[PDB]
Each structure stands twice: as structure tokens, then as C-alpha cells.
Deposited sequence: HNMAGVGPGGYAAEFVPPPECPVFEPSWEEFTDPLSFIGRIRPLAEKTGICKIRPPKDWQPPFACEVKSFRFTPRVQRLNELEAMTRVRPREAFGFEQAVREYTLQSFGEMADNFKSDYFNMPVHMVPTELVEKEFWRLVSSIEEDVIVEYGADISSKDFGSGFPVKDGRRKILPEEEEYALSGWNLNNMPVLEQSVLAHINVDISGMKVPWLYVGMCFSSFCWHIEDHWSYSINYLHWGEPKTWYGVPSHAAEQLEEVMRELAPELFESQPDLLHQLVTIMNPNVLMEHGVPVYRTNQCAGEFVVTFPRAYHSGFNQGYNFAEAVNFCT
């Protein structure tokens, strides 16, 4: 009986507030930093077109076994062929059309399978595809793809993830002499509990497809989550550094909540932004075939 965590804040900025992402995130910060994650719905007219080279988009997804940690004790696809596989998997698993499966049912079934010792569900995830390989999901004035006059406002938009500031201030940067990543998801494909490198911000955009479910923990409960992890994670991974342990830190949010860790959830739909604040532990899974883009900013 999985209990859905409370909903994270959702913001619907007007066209005035939507003029600058960094200004908007700083003003919603007093609330969103207390929940770890937040969702931002752009104005209804803001619809960036999909600019990925779909004709050339090929990738080999990684294999995910949902119950790999509880059990302790691949084809190359195009975007079309992966989606046909993703839709056939979900429609066969739930025995109904893909768009008719309630998001609460996929959520309850995902967490049952993760801890299931009898059912071994295996899915695939097109994870960590660089935007340099086939182009960003957003229009970019890089001269390698045709940008129409109606699309130029999106190539120059501050909410275009390619236009987010990524350079961190340091003395090393002045003594010296990032790009968004793409995620093609299917039903039950997931990412486990982790924080971004250098406790960085991260913004995620779902270009199209089925929703992506998120779980977020505010930064003021980061040490409590890490303590709960060490107490409940397998002992063979107890001594591993964070950069490696984060690869195998899948945990039911109700287990964290039972130990007093505040967890917030949300369903990121197509065309919606999710922002993760510094040192906000987050995890989640995809409701079905979708396409997401994410970048770290500061």
C-alpha cells in the first residue's frame, strides 16, 4: 500500500515573471528550497518546437532491472523504434492503452516491483545522451540546423536550457588557460536518489511524451536522508563513496518518510520544467515513452 508523498510546489508564472529564469528561481526560492524540487509551467503560448535530428537519432539504451538490489539477498533503437517498444511494453503490462493507465497505478506498481523478489521486470533507458550528438531538443543558433522565424524566440529564450549559465566562479577559472543531456524514457525506467555534482542546481524540461514522476527531499534534510540510507542500504555498499553509492541508492519514499525524512512528489508533464535546488536529493521514474532534457546551472 504505497502512500504518495505530498505534492511539491507548482508555479505558473505570468509573462512578466517568465522573462528571466534566474530572477524567477531566486524569488520562488524561499518556498521551493523547503521542498527540494518545484515545478514551473510556462505560459500557455510558450511552446518550443522539437529540434532534435530525428532522422539520425539512434542510441543504445541501458538495461535496468527494477529489483536488482533486493535480489542481492541490447538493441540499438531509433526514436521511433524505441517508442514502439515502449508503448508495446506498457500496454501489454497493464493490458490497456498506454494513455489510460492512471499515474497513481504506475507509481504503486513501480515501487511494488522494486521490492518484489518474485517478479523480475527489466526495462531500458536512453540515459545521458549528449545534446552535441544529435542536437538539443530546443532550437539553437548553432548554424547546423534550420531555425524558422517563429522558432527564433525559443533559440534566444532564457528558458532554453542551452542558454542557462553554467560557469561556476572560482580562482581556478581565471588561472586556467557544460551542455544539456538528453533522456529518452519508457515506463518504469528510473533514476535513484542522488544530488548533483558540487551541490549544483539543475533544471529539467520534458519536451514531449508521458509524464515523469519526481521525488524530492529539501537540502535541510540531506544528512538525515544519508543517515537513513546508510542504515538501510546493503552493507556491501555501506563503505562506498557518494559518487559510487549514488548509482545504487534506490529506496521507497515511504521508508524515508517513516524515518522522518520529508519527501515531496510531482508528475512533470510535457512542456513543464522541474528545478532541483542545491543539495536536494531527488529520484523518480517515467510513466511511459517521453523525452527529457536537463542541465546544471548556477
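**Q** Need the unmodelled segments of the deposited chain, numbered from 1, in order.
**A** Comparing the full sequence with the modelled residues, the uncovered ranges come out as 1 to 13, 87 to 99, 204 to 208, 330.
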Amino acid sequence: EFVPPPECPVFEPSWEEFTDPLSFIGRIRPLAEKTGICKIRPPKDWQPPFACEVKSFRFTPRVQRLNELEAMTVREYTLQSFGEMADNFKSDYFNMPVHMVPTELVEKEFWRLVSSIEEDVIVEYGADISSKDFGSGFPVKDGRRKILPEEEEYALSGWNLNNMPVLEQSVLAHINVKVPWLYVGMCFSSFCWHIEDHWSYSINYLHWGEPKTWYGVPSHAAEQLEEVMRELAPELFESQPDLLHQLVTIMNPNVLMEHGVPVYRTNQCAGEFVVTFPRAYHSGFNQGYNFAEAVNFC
From here on, numbers count along this sequence of modelled residues.
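**Q** Please confirm whether residue 174, modelled here, goes without coordinates in at least one third of the other compared entries that cover both its neighbours.
**A** That residue is missing from at least a third of the other compared entries.
**Q** Taking the mean of the C-alpha B-factors per stretch from the entry, tell me the winner out of 55 to 63 and 257 to 265.
**A** Stretch with the higher mean C-alpha B-factor: 55 to 63.
**Q** Between 13 to 21 and 281 to 289, point out the one with the higher average CA B-factor as the PDB entry records it.
**A** Result of the comparison: 13 to 21.
**Q** Would you mind checking which of 107, 128, 196, 87 has the top Cα temperature factor in the PDB entry?
**A** The record points to 128.
**Q** Quiz for you: based on the deposited Cα B-factor, which of 184, 187, 179, 98 is highest?
**A** Each of 184, 187, 179, 98 was compared by C-alpha B-factor; the highest is 179.
**Q** Among all modelled residues of this chain, ranked by Cα B factor, put residue 48 in the bottom, middle or top third, i.e. lowest, middle or highest.
**A** For residue 48, whose C-alpha B-factor we compare with every modelled residue in the chain, the answer is the middle third.
**Q** In terms of the chain's CA B-factor thirds, is residue 295 lowest, middle or highest?
**A** As the PDB entry reports it, the C-alpha B-factor of residue 295 lands in the lowest third of its chain.
**Q** Please rank the C-alpha B-factors of the chain's modelled residues and tell me whether residue 169 sits in the lowest, middle or highest third.
**A** Answer is highest: the recorded C-alpha B-factor places it there.
**Q** Hey, what third does residue 33 fall into on Cα B-factor, ranked over its chain?
**A** Middle third - that is where residue 33 ends up once the chain's C-alpha B-factors are sorted.
**Q** What third of the chain does residue 226 rank in for C-alpha temperature factor, lowest, middle or highest?
**A** It belongs to the middle third of the chain when residues are ordered by C-alpha B-factor.
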